[PDB]
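Presented below is the structure to which this report refers.
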Amino acid sequence: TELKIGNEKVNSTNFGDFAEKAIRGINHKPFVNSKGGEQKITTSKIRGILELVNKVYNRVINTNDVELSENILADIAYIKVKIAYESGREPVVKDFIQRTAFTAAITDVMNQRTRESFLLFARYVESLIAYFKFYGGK
Amino acid sequence: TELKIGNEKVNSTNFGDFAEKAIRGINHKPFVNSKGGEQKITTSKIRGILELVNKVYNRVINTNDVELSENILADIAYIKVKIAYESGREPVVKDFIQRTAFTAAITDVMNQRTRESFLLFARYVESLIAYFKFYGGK
Amino acid sequence: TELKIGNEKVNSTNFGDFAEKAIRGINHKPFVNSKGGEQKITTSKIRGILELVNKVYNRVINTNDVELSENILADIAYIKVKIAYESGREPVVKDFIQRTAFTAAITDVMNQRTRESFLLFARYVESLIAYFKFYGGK
Amino acid sequence: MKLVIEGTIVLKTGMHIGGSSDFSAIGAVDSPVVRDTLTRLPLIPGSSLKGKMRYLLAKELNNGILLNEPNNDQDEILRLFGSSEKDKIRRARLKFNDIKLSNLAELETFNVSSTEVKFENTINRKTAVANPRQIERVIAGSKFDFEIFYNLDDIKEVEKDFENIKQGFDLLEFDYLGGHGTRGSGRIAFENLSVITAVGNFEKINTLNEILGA
Amino acid sequence: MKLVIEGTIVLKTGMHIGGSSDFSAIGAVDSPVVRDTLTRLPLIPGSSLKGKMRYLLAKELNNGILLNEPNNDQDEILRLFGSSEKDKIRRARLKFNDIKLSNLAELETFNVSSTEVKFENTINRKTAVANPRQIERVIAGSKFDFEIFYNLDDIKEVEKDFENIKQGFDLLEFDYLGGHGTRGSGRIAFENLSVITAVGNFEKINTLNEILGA
Amino acid sequence: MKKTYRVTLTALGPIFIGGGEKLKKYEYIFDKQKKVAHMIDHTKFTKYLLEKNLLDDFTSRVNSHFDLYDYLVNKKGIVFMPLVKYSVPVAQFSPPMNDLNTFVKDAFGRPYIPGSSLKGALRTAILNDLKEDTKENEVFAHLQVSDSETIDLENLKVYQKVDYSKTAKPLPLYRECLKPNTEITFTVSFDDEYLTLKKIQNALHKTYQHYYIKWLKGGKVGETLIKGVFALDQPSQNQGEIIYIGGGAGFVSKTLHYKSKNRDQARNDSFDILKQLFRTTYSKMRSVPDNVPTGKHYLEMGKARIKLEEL
RNA sequence: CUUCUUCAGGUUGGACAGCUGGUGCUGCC
């Protein structure tokens, strides 16, 4: 219930505000391309990241178990691997992950292993997508 | 009481009058889209707002704590995140969310962190939907 | 659920971290060749290896079996044949395979003969490649 | 005297019964299935099963047509499902129950959960653009053990009551239960239909089984 | 009544229908098929069949001009498929069901799986860059045995309904069922088409078969 | 309104299209005694290995080469028939099998040309008009191209790829192909409103002319005319019934700008666009002919014909 | 001994939203 986004602990009530801060910071000061250009992360890529989070959240949510089992933690480690792959492929995705603590959040969930920790992580990612849609637009 | 809105203050006695004023302001001068307007929000789009609020009202209506619990506060923050997200999807929803200052009321509820504040906010939203009814329809 | 590559490999909280540290150890000390080090083994050698592992994985996923059939075991044997040939082609593939214990993982999944170990090993190899792209490039 | 009608409801296709109480994320599910709040186990509400069975049976028994109000159905439906008419109140001889799924251990043997996610969409015939949804759905092969209470009031017309009970069950078998049935979902089957005495013993209880199993 | 429209659909070229909710791997498959959760068998969603049939029948019954809202179609389409038009809400006569793969035995003897993975390309005449994808397609040579229930609201509206159903099935023959159908995938053929009554017997049901089995 | 014009594929030339790749002779036999080649199945091979040497021992003996023509009958002395599915004769005109290409084949062994491959081919054919409608055009997004149908199994014949530039030097990559005089059929239908029979006839005629009279004659006469002639008949002007179906034939069929320009101008634009690709300068894209068993006949890999009939 | 391993859009949209019936009667000063 106490995520560790970056250097600031994230509780169960400031996920929306901190995700809004993350999106506004990226929107105000965006990533600079290698070839002297400006671009953001597309809605398709963040939607794919949310889908990845939705794959595991759809099975976690239909439970009352306090701690996630080994299969859920395996899927979370796999999602972290895919996060690393996306970061290594497109530098804008790496920038989006690094400006947030999406890797640090997934590592905190992996270390906590509790159901409520991943529930807060899903809330935070959902709010990131929400404030991308609100601020970035379409 | 003490529910800030942005330009005025709705106390526990003054939610219905403000809701009717906001609905009249909505009914007057409908929204302007790309094609000069002009359609108004649907009953099954303020639906979503109403069940979103009720999904916490049902859990707070039956209790006796003066201050809302960390689980209720998290769900109110999630309502704020959701209403931010869905406003970016449709503009005819965003004018409803802005002209009727939902976000300021939600933020004040999250700042007061009291049961009566959220009850007043829910009463305001319910009166808002009730007043959208009997003026429009469909 | 449990793999042996020399360092008590586990499905949960273990495959991604260990693949990442193997990739880092590869990159920390670049391979030594004649007469200059840092051969920079491209994705072309890493893919193809991934392609064989993933075609076997494609045939495995649509099979709900605790144990792998003899066809899948022969596919893993052909995987080992391809890896041995590719390593024999140039020494940098030998270094990549030996340091990441690809052959050890193949032998361990050949000994265990269960779908769980094969999916763990495929997940592990995908972790290797994802972290290679994350900490490397091209 | 009172009788208990046991039996199992087996899903043939995915079955979705709506009703939503909390926390529908923005990329995961848009219509969850009704679940037992404590155990999180999906259930078939007795209201929905009773309503669908009553609709099908009332339509079948009347003329094949059914446009009336529930308190003006046929006398068999009125006496078996109840009637709230002012001067003519029929007390229901059936008490449906909420039906939780029973073979969760059997499902876990197959390394699956009891619910799936179904991805649908609608295609606007103007622009051919798709609008995706995400329906939670209880997987086919799920089994729901049920119990219906029959209040044995009239000792003689119990046989006709049970023939109509079996007829309604069979109407459900060639129809759907809950949710988007016409679009593939909702198919069910009935098995192990057995009536037993709640307390004591009933003279025609071996007859009531053979008019339930056949 | 409860006429039951049975048959079999066979794929001539590999058909793709999505809706998986599993982790796509780095190089394994970028888009798998929709399958049953319990049996892991490829699935044809009765919603997909119903939607494609409604599109194809509606467009051919609208002089090749389909532009309206689904609830704003001709009367026959609504009375077969349903509509929530405000006053005269029409119940769908056709009850499609999620169609599961049937001929796994012959495929197993053929040493083949029910699905294959195809690599095609995303190449460009311009600066030479290709974006390879991985489409999982149900093997051509797959049989899906279906059962579509039917409601006989009026005896006048049975032969027209069934000839329209047959022509809707035969319009799918010169078309696909779903997925990347514009690019050589999804060709389907219907065989063993027929109909039977669920309960009892129906007069002139052979007229339905002579316009549905031929 | 949509109509049905059944079309066939008399693939008079051998075909190649990509669906995958395979490495050196580690699972296929390239014999040289009676000049035949072989490709293995899977399940029978698995059972054979199960009733023979262990899989790890099989693996531990690869040091490149590992040729399967001198091992299965010499180091094992057993019949190769249980491990062949589409065995195929080979005749070449001499640099050994460096690597082998795989035509795309569905799960039942059989070869076919998938959908969207014919869509790319018909894009480079019928897109002679404009160069803007590549995503939203109804000429394909309202067309319904289908897969190819059965391609025969007894018509497989391995062929050598050769060079045309003033010498017939063999090239390292070989490939099994489909022998000539084989007939394939389709069921490809289309509408009339936005793909008209007179329009398609005009399109095929104009593309055929702009290929033959404009480009092909200059290439044939530019470097060598006697190289093709052993026969090199190449029937022509027959209502435009020539299709370069498949691949491994040339870069002209990939880039479509020389059907609406002048020879010097089209070659100038081609030079401008190919300066960004590869570091070798060349006047034109040299051909890759083959040899058929002997009559030294050079034929471009991937020919076909077009014909339309009702129903 | 090469060259990308998927990219870009739609993430639910409308329709109904609680109706009918009872509604303190009897016993005591």
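Letters A, B, ... mirror the listed sequences (proteins, then strands); counts begin at 1. Note that these values count all heavy atoms, side chains included, but never hydrogens, waters or copies made by symmetry.
- Salt-bridge check for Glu51(B) with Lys55(B): failed, with every basic side-chain N at 4.0 Å or more from each acidic carboxylate O.
- The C1'-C2'-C3'-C4' dihedral of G24(G) is negative. Its furanose therefore counts as south.
- With respect to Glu86(A) and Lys45(A), a salt bridge is recorded, a charged nitrogen being found less than 4.0 Å from a carboxylate O.
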Fill in the blank from the handout: Given protein heavy atoms under 4.0 Å, the one-letter contact record of nucleotides 14-19 of chain G, with B base, S sugar-phosphate only and - none, is simply SBSB--
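- In this entry the distance linking CD of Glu136(E) with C1' of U6(G) reads 16 Å, nearest Å.
- If you measure from atom CZ of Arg133(D) to atom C1' of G10(G), you get 13 Å, rounded to the nearest angstrom.
- With distances taken from any side-chain atom of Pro132(E) to the nucleotides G10(G), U5(G), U12(G), the minimum falls on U5(G).
- If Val129(E) and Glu120(D) are placed on RNA chain G by their nearest nucleotide, the residue sitting closer to the 5' end is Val129(E).
- Between the CZ atom of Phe140(F) and the NZ atom of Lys135(F) there is a distance of 11.0 Å, given to the nearest 0.5 Å.
- Distance CD1 (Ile49(C)) to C1' (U5(G)): 15 Å, rounded to an integer number of Å.
- The nucleotide whose nearest atom lies closest to any side-chain atom of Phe278(F) is, among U6(G), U2(G), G10(G), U2(G).
- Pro70(E) and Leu78(E) get closest at one heavy-atom pair: O-CD1, 3.7 Å.
- Judged by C1'-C2'-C3'-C4', the furanose ring of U5(G) adopts a south pucker.
- Below the 3.5 angstrom threshold, one finds a donor paired with an acceptor across the side chain of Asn131(D) and the base of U12(G).
- In this structure, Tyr57(C) does not reach the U5(G) phosphate: none of its side-chain N or O atoms is under 4.0 Å from OP1 or OP2.
- Per the geometry, CD belonging to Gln134(D) stands 13 Å off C1' belonging to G10(G), to the nearest Å.
- Distance, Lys55(C) NZ to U5(G) P: 18 Å, rounded to whole Å.
- Taking atom CZ of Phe119(E) as the reference point, atom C1' of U5(G) lies 9 Å away to the nearest angstrom.
- Among the atoms of the strands shown, none is found under 4.0 Å from any heavy atom of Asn54(C).
- Remark: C1' of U5(G) and CZ of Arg89(A) are 7 Å apart, rounded to the nearest angstrom.
- Its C1'-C2'-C3'-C4' torsion being positive, the sugar of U12(G) is assigned to the north family.
- Ring geometry, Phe23(E) versus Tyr78(A): the interplanar angle falls from 30° to 60°, so the pair is classed tilted.
- Residue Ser185(D) is tested with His16(D), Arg137(D), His180(D) for a side chain to side chain donor-acceptor pair (under 3.5 Å); the sole match is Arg137(D).
- Annotated as stacked: the bases of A8(G) and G9(G), by the 5.5 Å centre and 30° plane rule.
- Atom OG of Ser116(F) sits about 7.5 Å away from atom NZ of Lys119(F), to the nearest 0.5 Å.
- Distance, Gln39(A) CD to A8(G) P: 10 Å, rounded to whole Å.
- Between atom NZ of residue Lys161(F) and atom CG of residue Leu173(F) there is a gap of 5.5 Å, rounded to the nearest 0.5 Å.
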